[PDB]
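Trainee: piece number one of the complex, untouched:
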Amino acid sequence: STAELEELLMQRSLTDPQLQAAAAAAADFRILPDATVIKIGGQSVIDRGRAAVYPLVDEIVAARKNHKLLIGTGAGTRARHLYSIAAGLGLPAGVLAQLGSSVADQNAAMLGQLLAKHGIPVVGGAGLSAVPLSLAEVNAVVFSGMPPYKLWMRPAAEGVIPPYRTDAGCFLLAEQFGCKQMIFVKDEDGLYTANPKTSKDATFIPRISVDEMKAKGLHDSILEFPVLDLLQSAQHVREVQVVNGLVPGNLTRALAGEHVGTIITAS
Amino acid sequence: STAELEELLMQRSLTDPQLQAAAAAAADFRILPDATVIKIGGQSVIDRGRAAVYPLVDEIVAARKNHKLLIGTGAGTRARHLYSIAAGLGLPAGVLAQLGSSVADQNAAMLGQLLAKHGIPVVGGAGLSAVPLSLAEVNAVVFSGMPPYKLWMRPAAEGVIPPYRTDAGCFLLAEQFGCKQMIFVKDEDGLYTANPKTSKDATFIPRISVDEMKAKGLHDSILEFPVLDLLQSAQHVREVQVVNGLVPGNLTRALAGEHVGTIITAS
Amino acid sequence: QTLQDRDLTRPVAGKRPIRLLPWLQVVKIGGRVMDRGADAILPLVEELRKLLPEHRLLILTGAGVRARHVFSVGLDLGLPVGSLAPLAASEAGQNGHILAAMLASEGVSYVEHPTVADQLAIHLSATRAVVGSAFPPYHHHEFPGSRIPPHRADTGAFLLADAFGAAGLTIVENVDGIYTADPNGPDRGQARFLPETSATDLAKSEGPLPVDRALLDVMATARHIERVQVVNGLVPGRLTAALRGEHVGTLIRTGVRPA
């Protein structure tokens, strides 16, 4: 009933459960259903320079013949330095958000310049107006991975580090556009039972639900912990895959739908 | 099998699950099965002076014709003052334990002197050696409610306030002696959904399990929160009753097994 | 004053974030108040005019009925919540343009969200008040779950007020405050006025509120704002009284500790 929804929208508060339930029955349009969102890790990939980025640039150029890619960048070490300065001053999470965004912008600019000669642009602006044309024509765009919350960033329960960073920024774009998948490109095969960099014998985990991660204490391990909650609330992207971008071909296979790293499912 | 238990006791560590399970099958002897342990609140009763204590003294004298009573005392306001001094210095929970014990001793001495002419003694010492004879002859004893942990007091997760105080001290004596019941005498009818002294419209709760208390956030409300865990581990005292000692007859009725305040059950 | 306070060995709360605009008063004007047109807006503009020499004001407007209409069209088109959010935020902006124009002769202008985030201190040194949109610029990055954008005008205004460490946030509504049920809804016969409530209490409740439910969630992580009053802007003088801390509507306690 478009009329009962229209009637509730005019006459009730948007907080009214009846209106909320009526809105949930609305049709569900996917804006870019054939596109895939990829995050290129800031700390895990871009901060590693040529030996990490150049092979992934080659994979992206090869992949954009068969896949439509929205390529988001993490921020990494320079954002961590900015957070340490600003948090040491007691500046609130809303102020730090801007700082992390500029680092993600730097990394999108650097990645984008390696791809410019292939026609692939860096896109920005509140509306991301350059995405539809670029995606139709050169099958890929590069964007900065931070969400645009700025001073309206929701703080964590404790501390001033912004809890929604470039994992969330990339995941939410995949969800908003109704993309067919979301692939996180990092520097490890996927999720382990502990940090594989500091843990003697952590066990690789190839598939896990959000609830299983939380029960194992892995909520804030491989992805920003709020991304697990966004994942469970998501309408369109109900799972994600994390892969090792340092291994040639992992991104390519993942784009084709292969199970190559860790698949994290909402349910 | 006394022989298999004897064999495990000699040959395994006491931490061995096989030994632990064998010991759990041992017979269960109740030392004072016909006695009842009562706690007289320090803050809620004894600190209130004559108007609170004298009516309860009369009830105790009347009750010891039909019931055998171990009457433990709380500590109350003076222990709180000692804790505030010592905690403000950063002294550890093991040092504060001694301080609270001396206040509970004061209150047992004061209560005991009101009962001396009825033959009822104050008993103490590590072994409580005076209990069996007093209980057989005058049907009541007064003891100090603090556990004797002293410097070996287990601290709470946070802070230096001893978490095992006079509720625990009284409950553990009831459990050790296998008494037929444990009655906490306070200054409210029992457990409410919030502190009835500071809450406009808290709801009286006449019966609740330990798990139900924890789920409602009432773990540290009417009793010291560790007492709920001791209650669930208890072999002999699987429930307790809290009653309002300011209402004449509540103690008497409770001693007779009447449901007059809040009954808290292990299960 | 409590025994726990005296315990030297207990964990200590972290310091609060530094306050950016501690002398600022934030006032959120409901879109549905603006929807009443001149009958409501003109007395509110005169009241605001008299507040300018008394307070430094960030005036943030909500969206009102037009956002319900664009939601109706957008939902019929199937659009996701990150498409609906900027469409509604636009309506809050238009209410801000209208309100600022009414105050232009007093030196008041509407400013866009980049200016609010970054240059508010300079503009509030220039003039006594500025107007902005109360909606946050979440745009494509609105949270999924509900098909209705959760972070709306109340929520944006509180996030800003608490990030600034402002002296207060007052929400100006078309009703007296929060009731136990919609005072204009099918159960308005059962509606009881709530002079005071905590955000945690409101969050556990179910049923409609005059404030975003996300407002209660961001109050739980608030660092500075201790209370927010919802007052009736259709009653002249209640905004003025609320800005002086007088209790003339519903006080929501955020759960931030005072001391």
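Mentor: Done, it's in. Numbers count the residues shown, from 1 in each chain, chains lettered A, B, ... in the order given.

Trainee: Nearest residue to the middle of the chain?
Mentor: You didn't say which chain, so I picked chain A. In chain A, the residue lying closest to the centroid (C-alpha atoms, centre = their mean) is residue A:170, at 2.4 Å.

Trainee: Switch to chain C, please.
Mentor: The centre of chain C sits closest to residue C:154, judged by C-alpha atoms, centre = their mean, with a distance of 3.5 Å.

Trainee: Now that one: phi and psi?
Mentor: phi -60, psi -40 (degrees, to the nearest 10).

Trainee: right, and the residue nearest to the centre of chain A touches residue A:71 too?
Mentor: No. At 9.1 Å, residue A:170 does not count as touching residue A:71 under the criterion of C-beta atoms under 8 Å. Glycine gets a C-beta too; all of them are placed from N, C-alpha and C.

Trainee: Name the residues contacting each of those two.
Mentor: residue A:38 (C-beta atoms under 8 Å, 6 or more residues apart in numbering or on different chains).

Trainee: Report the contact partners of the residue in chain A positioned nearest to chain B.
Mentor: Of all residues in chain A, the one sitting closest to chain B is residue A:158 (15.8 Å; C-beta to the nearest C-beta). Applying C-beta under 8 Å, 6+ apart, we find residue A:158 in contact with residue C:14.

Trainee: Name the SS class of it, please.
Mentor: Here residue A:158 takes the coil state, with states given by DSSP: H, G, I helix; E, B strand; the rest coil.

Trainee: can you check residue A:84 too?
Mentor: helix.

Trainee: Distance check, it against residue A:47.
Mentor: When C-beta to C-beta, to the nearest Å is the yardstick, residue A:84 and residue A:47 sit 16 Å from each other.

Trainee: Between those two, point out the one with more neighbours.
Mentor: For residue A:84 versus residue A:47, neighbours defined as other C-beta atoms under 10 Å in any protein chain shown are more numerous around residue A:47 (19 against 11).

Trainee: Can you pull the phi/psi pair for the more buried one?
Mentor: Per degrees, to the nearest 10, the backbone of residue A:47 is at phi -60, psi -20.

Trainee: which residue packs closest to it, ignoring adjacent ones?
Mentor: Nearest-residue entry for residue A:47: residue A:76, 4.4 Å, with adjacent residues in sequence omitted and distances by C-beta to C-beta, 6 or more residues apart in numbering or on different chains.

Trainee: Drop chain D onto that structure:
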Amino acid sequence: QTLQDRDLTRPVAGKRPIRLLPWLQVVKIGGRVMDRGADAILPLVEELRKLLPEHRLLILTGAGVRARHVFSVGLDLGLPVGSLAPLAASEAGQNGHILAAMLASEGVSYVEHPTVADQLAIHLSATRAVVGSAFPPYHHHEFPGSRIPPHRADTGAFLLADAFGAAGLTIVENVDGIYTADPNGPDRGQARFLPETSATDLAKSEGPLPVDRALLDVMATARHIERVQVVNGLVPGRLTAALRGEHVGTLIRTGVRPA
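Mentor: Let me add chain D to what's already shown:
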């Protein structure tokens, strides 16, 4: 060194309780070591004799086999855990009397638990070491649950060491340390030596340990002691090496943070 460390606004750990005897070394002698008689005790006494000019020592003895016997009789009589606890503590006291007598010519005496709780500072100013019972005086107030008293010699000794804020607690055992299984039990073929472990890891495990399981619980609430080494007192020199922090047995991390 972490980003979280730098965050001025995060909660700060409470101060630690003041240390009563910060210069003290606490040494727990296993009852089963004492049970071996002169063959074990005489070399241990000579080692202790040479440690007296180097360390100030509170030497706490466990109970050993005799407590197993009194448990056997008491359980057969049906007695509850608060009856068994002081009967076992008595055996730890008798081991203390024996060990102190061997050191009497060095000025060492056994002291009862009231003296340990209240007058240890005066006695350790008089003499270089004193002996006590490692069992705590929980007596009737032992916790129910297991029919075996949970708070035994390891647990008492750690509670004291941590309450004192002592420089260390070393546990002297009749094995090299903690294995993955009882190195004298039916699965000793599978027993793997653990040079280092955390108490949280040991607590999640099931199976026997050479230390009380309550030891791990009181380590979780510890405030000062960061590590406890379990060493083999049947190997002369390992106690001496452990008191200088050399890694000669199993190190248990309590989870207390260092900085």
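
Trainee: and the contacts of residue A:158, now that chain D is part of it?
Mentor: For residue A:158, the contacting residues are C:14, D:9, D:10, D:11, taking C-beta under 8 Å, 6+ apart as the criterion.

Trainee: For chain B, see how far away the residue nearest to the centre of chain C is.
Mentor: Computed with C-beta to the nearest C-beta, to the nearest Å, the distance linking residue C:154 and chain B is 27 Å.

Trainee: hang on, isn't that residue packed against residue C:211?
Mentor: Yes. Taking contact to mean C-beta under 8 Å, the distance of 4.6 Å between residue C:154 and residue C:211 places them in contact.

Trainee: any residues in contact with both of these two?
Mentor: Taking C-beta under 8 Å, 6+ apart as the contact rule, the neighbours common to residue C:154 and residue C:211 are residue C:171.

Trainee: And what about the residue nearest to the centre of chain A, helix, strand or coil?
Mentor: The three-state label given to residue A:170 by three-state DSSP is helix.

Trainee: My read is that it contacts residue A:72, right?
Mentor: Yes. Taking C-beta under 8 Å as the contact criterion, residue A:170 and residue A:72 are neighbours in contact, 3.9 Å apart.

Trainee: Alongside chain A, which residues does the stretch 1-150 of chain C contribute?
Mentor: Residues of the stretch 1-150 of chain C lying close to chain A (C-beta under 8 Å from any C-beta of the partner chain) are C:14-18, C:20, C:65, C:68-69, C:71-72, C:75-83, C:86, C:113, C:116-118, C:136-148.

Trainee: Are any of the residues you listed buried, and if so which?
Mentor: For the residues of the stretch 1-150 of chain C next to chain A, a neighbour count by 16 or more other C-beta atoms under 10 Å in any protein chain shown gives the buried set as C:14, C:16-17, C:20, C:68, C:71-72, C:75, C:79-83, C:86, C:113, C:116-117, C:136-144, C:146-148.

Trainee: Which parts of the chain are strands?
Mentor: If you meant another chain, say so; for now it's chain A. When assigned using DSSP state E, the strands of chain A occupy the ranges A:35-40, A:68-73, A:122-123, A:140-144, A:181-186, A:191-192, A:204-205, A:207-209, A:239-244, A:262-265.

Trainee: hm, I was asking about chain C
Mentor: Taking DSSP E as the test, the strands found in chain C are C:25-29, C:57-61, C:129-133, C:168-173, C:178-179, C:193-194, C:196-198, C:227-232, C:250-253.
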